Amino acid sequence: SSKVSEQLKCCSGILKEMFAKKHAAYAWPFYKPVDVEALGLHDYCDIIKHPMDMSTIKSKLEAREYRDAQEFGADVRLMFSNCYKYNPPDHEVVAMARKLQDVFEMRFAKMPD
């Protein structure tokens, strides 16, 4: 029963939506950590210093590792920025990231006061 605890509940709701069937078409690459053993991803860890994904953010929320919504937000944006940094700007996964980020940014912006 506080301002910060209510906003963190909203964050959990936002992430739940991101995991929903509704967005699955473009959200799926962000579900689990980038598999750096996959062909073509041998250099991922050379380029991406701080990997992030939605399962990791979910575990961090559930282990209460986010002091506030801004910290949760930073991890969501890290995930997207990693995608934009690593992949070629014309790769389909970049388009998918933008589609999911549009969902996130709209919900995050309209979090209650």
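By rigid core we mean the largest C-alpha set that fits within 1.5 Å across both forms. In this text, residue numbers run from 1 along the sequence as written.
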property	result
In 6 other deposited structures of this protein, rigid core aligned: more displaced of 69-77 and 39-47 by C-alpha RMS	39-47
75-83 versus 36-44 - which carries the larger mean C-alpha B factor in the record	36-44
Third of the chain's Cα B-factor distribution that residue 68 belongs to, per the entry	middle
Relative C-alpha B-factor of residue 105, binned into the chain's lowest, middle or highest third	lowest
Third of chain Cα B-factors occupied by residue 94	lowest
Entry-reported Cα temperature factor of residue 24, expressed as the chain third it lands in	middle
